[PDB]
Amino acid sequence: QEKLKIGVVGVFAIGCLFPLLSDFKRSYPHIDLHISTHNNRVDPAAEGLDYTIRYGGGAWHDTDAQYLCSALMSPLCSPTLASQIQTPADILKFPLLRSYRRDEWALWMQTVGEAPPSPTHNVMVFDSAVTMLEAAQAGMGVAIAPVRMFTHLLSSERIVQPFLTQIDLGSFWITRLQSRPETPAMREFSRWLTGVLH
């Protein structure tokens, strides 16, 4: 077996990669895949990773970065909250849930023609979109995250997307440190993943 160690941002692992892993095993049985998750804030050298699947803009320095897929973001909330939401302004009836990035809600609101939320607005901050959406399901507030990573919650009707407008503040990328040697197994995994996504 050829070892491959991969650190995957949690939202991507649950929303995309995990369901597809048996297909990787089908195509490449000879690969010993060591999967670990992170919250997008990761040090691949320290963790001894071969690849890192992450969210961002693709321009990490001294990194070989390959595009996986888009991660368009939109408001997401429980059906109970959604019942009280008709216009974008109605989102402000409730606390906002955001990631460590400070601009998500300002940008989305601006795109839909609203003013920025009051600097006084009740806001909760999440290291992980997976945790954010757990809070959202429980009606803790309105989340903003990559819609396609929560198809499972949308289809099962645990979360609703009240508005069509989406924003791009990053995509999903797979990255190798340029100081890290690219192996046969790495090339094969990269080929499989960018391939199965298309």
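Numbers follow the displayed sequence, beginning with 1.
Taking only CA atoms, the mean B-factor in the PDB entry is higher for 81-89 than for the other of 123-131 and 81-89.
In this crystal structure, the stretch out of 53-61 and 34-42 whose C-alpha atoms carry the higher mean B factor is 53-61. In the deposited entry, the Cα temperature factor of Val147 places it in the middle third of its chain's modelled residues. Ranked within its chain, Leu169 lands in the highest third, by CA B factor from the PDB record. For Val8, the recorded CA temperature factor ranks within the lowest third of the chain's modelled residues. Per-chain ranking of the deposited C-alpha B factor places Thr175 in the lowest third. Ranked within its chain, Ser118 lands in the highest third, by CA B factor from the PDB record.
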